[PDB]
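Asker: Line by line, the protein sequences give chains A and B. The authors' numbering puts the last residue of the first sequence at 240; the count rises by one with no breaks. The authors' numbering puts the last residue of the second sequence at 240; the count rises by one with no breaks. Could you have a look at this structure, given as structure tokens, before my questions?
Protein chains: 2
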Amino acid sequence: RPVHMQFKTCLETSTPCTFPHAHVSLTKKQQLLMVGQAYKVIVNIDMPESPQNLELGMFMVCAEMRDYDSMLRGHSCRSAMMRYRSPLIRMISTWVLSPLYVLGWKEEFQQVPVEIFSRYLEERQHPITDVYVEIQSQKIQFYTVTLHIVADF
Amino acid sequence: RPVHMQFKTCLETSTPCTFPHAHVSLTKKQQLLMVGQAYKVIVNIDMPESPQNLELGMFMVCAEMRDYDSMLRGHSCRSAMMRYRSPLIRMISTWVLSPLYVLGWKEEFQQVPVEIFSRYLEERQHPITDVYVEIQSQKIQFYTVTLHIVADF
């Protein structure tokens, strides 16, 4: 339920120098409420129906857990893929819901949530401050990336 | 709310010599009102639906913070991308709103705001005068670039 906004830096080139780069995170009160109540975290990426985005297919995403002592406490790489639609059903959804997309009320993108972890930050002594996120691709196009440390056991 | 207009110099060639170049900024009273009241800054780029602009996709943008002592106090590179539209919905928005674009009332461009910072200029002793902006591309086409040191905590 508390949203968390991140500036995924796209590796100073369109060409794949390394990978996208991340880890801005500081909610210490929600860090403690995650540990004491066994909450979890989920990332959510907003990406359009670009032809480069539709040619992408499956991609990996990965996240880390570095504590207040900057020690790596958790590491999980996750699989992800857009919700595939046929071009016929994209044309039909275009023609049917046309005045919505004309008035800019739906915006031809998809929210792709990727569940990263299920439990808390491994101990009460040194919980996790930032999360080193990277997407294992370079042809991906997206609008924004948002974590969600949800209040869910 | 105070607007700030910048002359982004396009690197003396259409070919990528280096990168676009920037940093004209002088509002010392608004500099002090940013520091004393924890304001933030956001850039906004006006770019058309050119075929070179639509082929561009994601690009990085980056900004610096050099103070009255000309010391680099802050540095943030940011991700950006146009709001993607399908060619079907561009044709439908063309045919529906046609007399607006004929009379030159909407102008087939997009304003893309990119939030750069969230807080003030790092101290009251030597706040930031100019902002070294660069766009990490050379195929980008735009009309103008405008910062907004908004009065927002």
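Every residue gets a Cβ at the ideal spot worked out from N, C-alpha and C, and that includes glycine.
Count the C-beta pairs between the segment 119-126 of chain B and the segment 217-226 of chain B that are closer than 8 angstroms, then say yes if the count reaches three, no if not.
Answerer: Contact fails: fewer than three Cβ-Cβ distances are below 8 angstroms.
Asker: Given a cut-off of 9 angstroms, decide if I236(A) and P89(A) are closer than it, judged by their beta-carbon atoms.
Answerer: Locating residue 89(A) in the first sequence gives position 2, where the first residue counts as 1. Locating residue 236(A) in the first sequence gives position 149, where the first residue counts as 1. A contact, by the Cβ cut-off of 9 angstroms.
Asker: Identify every residue that forms a DSSP beta bridge with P200(A).
Answerer: As a position in the first sequence, residue 200(A) is number 113, starting the count at 1. Partner(s): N131(A).
Asker: Exposed or buried, which one is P214(A) when buried takes at least 16 other CB atoms within 10 Å?
Answerer: Residue mapping note: residue 214(A) aligns to position 127 of the first sequence, counting from 1. Buried.
Asker: How big is the Cα-Cα spacing for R211(B) and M134(B)?
Answerer: What you label residue 211(B) is simply residue 124 of the second sequence in a count that begins at 1. What you label residue 134(B) is simply residue 47 of the second sequence in a count that begins at 1. Taking the straight line joining both Cα atoms gives about 36 angstroms.
Asker: In chain order, which beta strand (DSSP E) runs of at least 3 residues are fully inside the segment 152-182 of chain B?
Answerer: Qualifying beta strand (DSSP E) stretches, in chain order: 159-167.
Asker: Once DSSP output is grouped into helix, strand and coil, what is the label at residue 71(A)?
Answerer: Missing from the structure shown is residue 71(A); chain A here goes from 88 to 240 and no further.
Asker: Cβ of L113(B) less than 9 angstroms from any chain A Cβ?
Answerer: Within the second sequence, residue 113(B) is the residue found at index 26, counting from 1. Cβ-Cβ to chain A under 9 angstroms: no for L113(B).
Asker: Pick from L208(A), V232(A) and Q223(A): whose alpha carbon is nearest that of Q117(A)?
Answerer: Reading the first sequence from its first residue, position 30 is the one you call residue 117(A). Here the closest residue by C-alpha is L208(A).
Asker: May I ask you to report which of helix, strand or coil DSSP gives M145(B)?
Answerer: Start at 1 with the first residue of the second sequence, and residue 145(B) comes out as number 58. Here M145(B) sits in coil by DSSP.
Asker: Using a Cβ-Cβ distance under 9 angstroms, would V183(B) count as near chain A?
Answerer: As a position in the second sequence, residue 183(B) is number 96, starting the count at 1. Interface residue, yes.
Asker: Do you know offhand how far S180(B)'s Cα is from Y171(B)'s?
Answerer: Locating residue 180(B) in the second sequence gives position 93, where the first residue counts as 1. Locating residue 171(B) in the second sequence gives position 84, where the first residue counts as 1. C-alpha separation (whole angstroms): 14 angstroms.
Asker: Would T102(A) count as contacting chain B if we go by Cβ distances under 9 angstroms?
Answerer: Here the question's residue 102(A) lines up with position 15 in the first sequence. Not one chain B Cβ lies under 9 angstroms of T102(A).
Asker: By the criterion of Cβ-Cβ separation under 8 angstroms, what are the contact partners of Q228(A) in chain B?
Answerer: Along the first sequence, one-based indexing puts residue 228(A) at 141. Those within 8 angstroms of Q228(A) in chain B are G144, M145, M168 and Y171.
Asker: What are the start and end residues of the alpha helix (DSSP H) that includes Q117(B)?
Answerer: Your numbering for residue 117(B) matches position 30 in the second sequence. Residues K115 to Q124.
Asker: State buried or exposed for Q198(B), treating a residue as buried only when at least 16 other CB atoms are found within 10 Å of its CB.
Answerer: Here residue 198(B) corresponds to residue number 111 of the second sequence, with the count starting at 1. Flag for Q198(B) reads exposed.
Asker: Rounded to the nearest angstrom, how far is the Cβ of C164(B) from that of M145(B), given a contact under 8 angstroms?
Answerer: Stepping through the second sequence from its first residue, residue 164(B) is reached at position 77. Stepping through the second sequence from its first residue, residue 145(B) is reached at position 58. Between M145(B) and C164(B) the Cβ distance is about 13 angstroms, and since that is not below 8 angstroms, they are no contact.
Asker: Would you say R206(B) reaches chain A, if we count a Cβ-Cβ gap shorter than 9 angstroms as a contact?
Answerer: Counted from its first residue, the second sequence places residue 206(B) at position 119. Judged by the 9 angstroms Cβ criterion, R206(B) is not in contact with chain A.
Asker: Which residue comes first and which comes last in the beta strand (DSSP E) that contains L234(B)?
Answerer: For the purposes of this step, residue 234(B) is identified with residue 147 of the second sequence, where counting begins at 1. Run containing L234(B): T231 to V237, per the beta strand (DSSP E) assignment.
Asker: Less than 9 angstroms separating the beta-carbons of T233(A) and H110(A)?
Answerer: Residue 233(A) sits at position 146 when you count from the first residue of the first sequence. Residue 110(A) sits at position 23 when you count from the first residue of the first sequence. No, they are not a contact pair.
Asker: Going by other Cβ atoms of all chains shown within 10 Å of its Cβ, with 16 needed for buried, is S224(B) buried or exposed?
Answerer: The residue given as residue 224(B) occupies position 137 in the second sequence. So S224(B) ends up on the buried side.
Asker: Among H162(A), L141(A) and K193(A), which residue has its Cα nearest to the Cα of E151(A)?
Answerer: Walking along the first sequence from the start, residue 151(A) turns up at place 64. Nearest C-alpha to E151(A): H162(A).
Asker: Considering only C-alpha positions, which residue in the set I132(B), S101(B), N140(B) and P174(B) is nearest to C149(B)?
Answerer: Mapped onto the second sequence, residue 149(B) falls at position 62. Nearest option by C-alpha distance: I132(B).
Asker: Roughly how many angstroms lie between the CA atoms of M168(A) and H108(A), to the nearest whole one?
Answerer: As a position in the first sequence, residue 168(A) is number 81, starting the count at 1. As a position in the first sequence, residue 108(A) is number 21, starting the count at 1. Computed Cα separation, rounded: 19 angstroms.
Asker: If I follow the unbroken alpha helix (DSSP H) through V189(B), where does it start and stop?
Answerer: As a first step, residue 189(B) is located in the second sequence; it is residue number 102 there, counting from the start. Looking at the DSSP string, the run of the alpha helix (DSSP H) that includes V189(B) is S185 to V189.
Asker: Kindly list, in the order they appear in chain B, the residues whose Cβ is closer than 9 angstroms to that of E136(A).
Answerer: On the first sequence, position 49 is the one that residue 136(A) refers to. Neighbours of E136(A) on chain B, chain order: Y171 and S173.
Asker: In angstroms, rounded to a whole number, what distance separates the CA positions of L143(A) and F229(A)?
Answerer: Within the first sequence, numbered from 1, the residue matching residue 143(A) stands at position 56. Within the first sequence, numbered from 1, the residue matching residue 229(A) stands at position 142. Rounded to the nearest angstrom, the two C-alpha atoms are 12 angstroms apart.
Asker: CB-CB under 8 angstroms to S185(B), same chain, minus the five flanking residues each way: which ones, in chain order?
Answerer: Residue numbering aside, residue 185(B) sits at position 98 when the second sequence is read from its first letter. Once the five neighbours on either side are set aside, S185(B) has no close Cβ partner at all.
Asker: With a cut-off of 8 angstroms on the beta carbons, I'd call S166(B) and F196(A) a contact; round off their distance for me.
Answerer: Against the second sequence, residue 166(B) aligns to sequence position 79. Against the first sequence, residue 196(A) aligns to sequence position 109. In fact, because the Cβ distance is near 15 angstroms, the residues do not count as touching under 8 angstroms.
Asker: Can you check DSSP and say which residues form a bridge with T96(A)?
Answerer: As a working mapping, residue 96(A) is identified with position 9 in the first sequence. Paired residue(s): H108(A).
Asker: Under 7 angstroms Cβ-Cβ, which residues of chain B neighbour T105(A)?
Answerer: As a first step, residue 105(A) is located in the first sequence; it is residue number 18 there, counting from the start. Near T105(A) there are no residues of chain B at all, since even the closest Cβ is about 13 angstroms away, more than 7 angstroms.
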